[PDB]
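Novice:
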Amino acid sequence: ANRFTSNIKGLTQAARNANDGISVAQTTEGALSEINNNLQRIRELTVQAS
Amino acid sequence: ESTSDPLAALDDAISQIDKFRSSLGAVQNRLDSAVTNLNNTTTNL
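As you go down the protein sequences, you meet chains B and A in turn.
Residue numbers for the first sequence follow the authors' numbering, so the first one is 51 and each next one is one higher.
Residue numbers for the second sequence follow the authors' numbering, so the first one is 455 and each next one is one higher.
Encoded structure:
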């Protein structure tokens, strides 16, 4: 029973950690999209200035 | 400075402290198994 409840608590905490990693990934992806917008604008500006 | 395998080195402690609790459990069982036949022997004598 003791090893059972140990494994159970560990799996719950691991699920929480995976959710936190998902949050980190979402934040970084938002930042990357924000950068990509400016990159596309610079691309259009270069096409104009060419 | 930190711990190499914390989860494993802590599961070892959990197992070591549970082995003693289990070994102490059978002691109660054998003690009561002795108490019953001891009372029977008292009555018979």
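Beta carbons are placed, not taken as given, at the ideal position from N, Cα and C, and that holds for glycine.
1. Considering A:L464, what are the terminal residues of the alpha helix (DSSP H) in which it resides?
2. If we define contact as Cβ-Cβ less than 7 Å, is B:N57 a contact residue for chain A?
3. A:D472 versus chain B: which residues are under 7 Å apart at the beta carbon?
4. So what does DSSP say about A:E455, is it helix, strand or coil?
5. Mind reading off the beta-carbon distance from A:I468 to B:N52? Whole number of angstroms is fine, and I expect it under 8 Å.
6. Would you tell me roughly how many angstroms separate the C-alpha atoms of B:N86 and A:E455, rounded to the nearest one?
Specialist: According to the data block:
1. 460-498
2. no
3. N52
4. coil
5. 7 Å
6. 42 Å
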